[PDB]
């Protein structure tokens, strides 16, 4: 209740200027797998965090934004090189939206069959984005917590809100497993999850890629699950 639908996309307002977008991918015999990203209104422009699974779904996000917010989308940041986060890059570029990703995400994108972002983010030794690579990001605070779900995963806090986005690094606090595959770094995952928590220590709403928003318990639960794999 309260969620909005546009085509195959679902939108949930999380704060006066933040919405979660959800798109679905069918796994035959398994049903639809959800993927979440964020939409942020910053003054007279919109900033996008992650695409949908496909170009067509990403176009649905852009059309919902035009219809319900009616402000130009200035830039998009994508949080790693998997289809649920970068599958719609072509639709962003066609719309004239400037796209940003971790340099490593852009390097990985071709071998994954994905389109790289136009701009590469780089990071200081303490994990915070180098500001020259993230110009005019407004309230978006971009942090690289270390290798976890993937080597390239990045995370984003929204200044002025209680919201931080853990991407696929953080799992639901009720998760029964981490879902780590070959590209997860299971030696460092627990520390990376805890580093995300420490980078956004006041965030009380933790948005993640594959479950509904949770409390900080998602961070501590994820780190505990990851402790078991070291």
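Positions refer to the first chain, counted from 1.
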Average Cα temperature factor in the PDB entry - higher stretch of 21 to 29, 216 to 224: 21 to 29
As the entry reports it, the stretch among 52 to 60 and 34 to 42 with higher mean C-alpha B factor is 52 to 60
Deposited CA B-factor, highest of 104, 142, 71, 75: 71
The largest CA temperature factor among 160, 127, 157, 147 is found at 160
Chain third (lowest, middle, highest) by recorded CA B-factor, residue given as residue 164: lowest
Comparing residue 180 with the other modelled residues of its chain, is its CA B-factor in the lowest, middle or highest third? highest
Going by what the PDB entry lists, where does residue 111 fall on CA B-factor within its chain: lowest, middle or highest third? highest
With respect to C-alpha B-factor, does residue 136 fall in the lowest, middle or highest third of the chain as deposited? highest
Of the three thirds of its chain by CA temperature factor, lowest, middle or highest, which one includes residue 67? highest
